[PDB]
Each structure stands twice: as structure tokens, then as C-alpha cells.
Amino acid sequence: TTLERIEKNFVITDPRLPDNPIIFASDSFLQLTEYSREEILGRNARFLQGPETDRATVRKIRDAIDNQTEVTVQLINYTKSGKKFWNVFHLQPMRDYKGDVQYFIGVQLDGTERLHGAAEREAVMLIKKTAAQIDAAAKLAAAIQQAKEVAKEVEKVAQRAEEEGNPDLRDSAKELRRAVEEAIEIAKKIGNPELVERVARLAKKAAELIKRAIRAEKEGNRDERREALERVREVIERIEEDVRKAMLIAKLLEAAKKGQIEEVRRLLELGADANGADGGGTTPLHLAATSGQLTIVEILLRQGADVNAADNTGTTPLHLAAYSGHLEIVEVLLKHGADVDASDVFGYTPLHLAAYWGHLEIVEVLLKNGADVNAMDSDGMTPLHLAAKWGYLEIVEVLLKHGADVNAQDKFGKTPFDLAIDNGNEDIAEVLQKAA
């Protein structure tokens, strides 16, 4: 299936069955855990736990499942041979359009230790992006199934029109079956199961109206046949417009990632949506920003791209430019109204990223554009914490000049000074001590 395409550790469970068993285990999961598929299907995932597993952590999982909400935790699990591993584990419910839970998705990122700060952030976003793709792949597989069913009915409507000597109605049906196939292929490209579902339902309508045209024809009703056919033509036109809009978006994302300036321009001139996004919320501006495509950045902003577009993990183009160390892109996004304080789902601002990645001139520019020097992530860490932990003496100095709080304490009651001492960064400890 599409889920057999995803090469990550995950399982899907069925909460409608007694004790919420695993109904799907990716081969990565089987490879991680040293169990066979036969050993795993029909089992509750708690068999991964063992002596060292933190029972309060497991109670967090229990409460999140019982409240039908998502949760992310880190907890010790065990292979079949009894090998300990750390598991960054993300849970989220897979719901119907009615908003009613049907499965649970569970993604495991295996490691040797408990992660904190920036490594914790990286793991959390990875597994959150895996879960979202598993959701989309499942919603796509279901939408595509229904659409191939409509496509088969359109083919029988084509055969019926031909049998009845209506090649115009037969030709409309054939066009309609091609448009649905087109929709399926573009929707996989951009991760948009809503496009498939919308196009399948419109194709179904055009099929019903062709059949209404055939019945009008057998009764000799000229006016009814012509009106049914005109409506069929405008439904096919509407389907072709939908597919074209989705195809321009797929092409504009691809042009931005490739760095094709003239192609970006051409596609925007044809009416490509500057704010079109893949299933994960990535925009052309995200791809240009992260790859240092300054001209493409300026073109997109001029053509109405949202400088502050957030993907599914709250990541903005300013974040991507800041970690990537694209100083001129950072300058241009800020010049065009980028929110200097945008926080992702982990609480990281662009300044957190600049500080962790050791981009001193980017830290300077963010600060000079009004960045909150004391912004705290979900672990209570400020940029000064990150600069002190990672040995960035000059960034430490710049943060202090721009008002960084020497006394700010993270989740663990640690100040930047404490992290400097804990990490051997005695020169930094001295600057922080003098500043206090």
C-alpha cells in the first residue's frame, strides 16, 4: 500500500477491538524490535515495556489514549532478545471526517539515551512528520479506492452511451475517466486526499448527468438531453481546473526546490498559487528560503506568498533560513515582514536555531530586528542557554549585549551559567558570572 512506502518505525492499532491491538507493523518496527509480524499483529504495544520502563511515562500514554488526544514521550523499551532502547514515541488518533477516532498511529524513534533540547526537538518533529504522512497515506489510499470505483462506473457509462449511438456522451465519459486518473496522480505528488475526494464526487455527478442525458435521448427529449450534456461539460471543466491548480502547485514547489528562477516566474504568471502547500504545509517560500534561493524568495513575496506561512510543525521560512545560515535570505524575509518571534511546536524561534547552529551574524540580525532575546522553548531554554551549552562564546557576548537574562532557569532549574559549567565551558561561565 502507500503505508508500505513509509520506511519508518510505526504501528497502527484498532481501538474498536478489545485492548487496542496492532493491526499494522512497518518492517522497520519489526527490524527495530526483533519480533516477526506474526508475533506482533493482534498484540497491544505494551509488550515493548520492561524493568526500566518509567511507569509514570506509561500512565501519560494511557491518559492520552483514554482522552483520544496525541502525546509525545521518551521511554525505555526492549527488543525480543532483551536489548534496552530509548524510544521517542508519538501517538495520534486517526479520525473520520465526522471527527470520530478509528485507529491510533504510533511512531518510534530509537536511540541509546534520553534526548534534551535541540536533539529532543529534532526527534519530536521527525516522528510528528512521520505520523502526519501515515495519516495522509491512509486518507489517500481510501480516497483513491473510491475514485477508482467511480472511474469504473464512468467506463460503463461510456459503454452504455456508445451502445445507444451517443459518441458525444461516450467522449465526455472518456474525458471524465482521464481527469479522475490525472487527479489521483497529482494528489499523490502533493499529499492532498481532499483533491481526490472532491474530484471523485464531481466525476460521480457528471456520470449521473450523462445517464440522465441517455434517458432524455431515449424519450426523445431534446431540451433535457442538451441541458444535461451542458452541465456535464461544465463539471468536466471544473474538474480540469481543479487538477490544473494542483498541478501548478506541484510544479511551483518543484521549481522552487530546484532553484529554477525562470520556471518559478513562468508558473506564477500562469496563476500558480504562491501559497500552495504540500500535505505537510511546506510552501514554495519554505523551499526557496532553506536552499538560499534569494531571487526566488523575492519573486514569491512580490507575488503574494505569506512570509509567515507555518508548516505542520509551526516552521516558518525565517526558521529554515536561520538554521541554514542564509544571512541574506534572513535579511530579506525580515525586510518583508517575517515575524521574528514565530515559535514552532517545540517553542523554537529563529533565534534559538541561529544560536544552536552557531550563526553569529544571523543572531545579530535577528536581535537588531527585535527578536525576544529571552524567548523560552518547551524545555524553558532561552538562546543564552543554547549558546552557553554548545560553547558559542561570541554568541553568548552578543546575547548579553542585547539583554539576555543570566538568571533565566530552564525546566531543570538550570541557568546558562549552570549549563556552561556542566559542559566544561569555563571561559563562558566566567563571562556569565561577571554579567550576573
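All residue numbers refer to positions in the sequence shown, first residue = 1.
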| query | finding |
| --- | --- |
| Between 277-285 and 120-128 (mean CA B-factor, as deposited), the higher | 120-128 |
| Mean C-alpha B-factor comparison - 97-105 and 110-118, higher one | 97-105 |
| From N369, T382, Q68, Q49, residue of greatest CA B-factor | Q68 |
| Candidate residues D341, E153, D306, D223, the one whose C-alpha B factor the record puts highest | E153 |
| Third assignment of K204 from its chain's C-alpha B-factors | lowest |
| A25 CA temperature factor, ranked by third within the chain | highest |
| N9 - Cα temperature factor, lowest/middle/highest third of chain | highest |
| Third assignment of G337 from its chain's C-alpha B-factors | middle |
| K174 by Cα B-factor - lowest, middle or highest third of the modelled chain | highest |
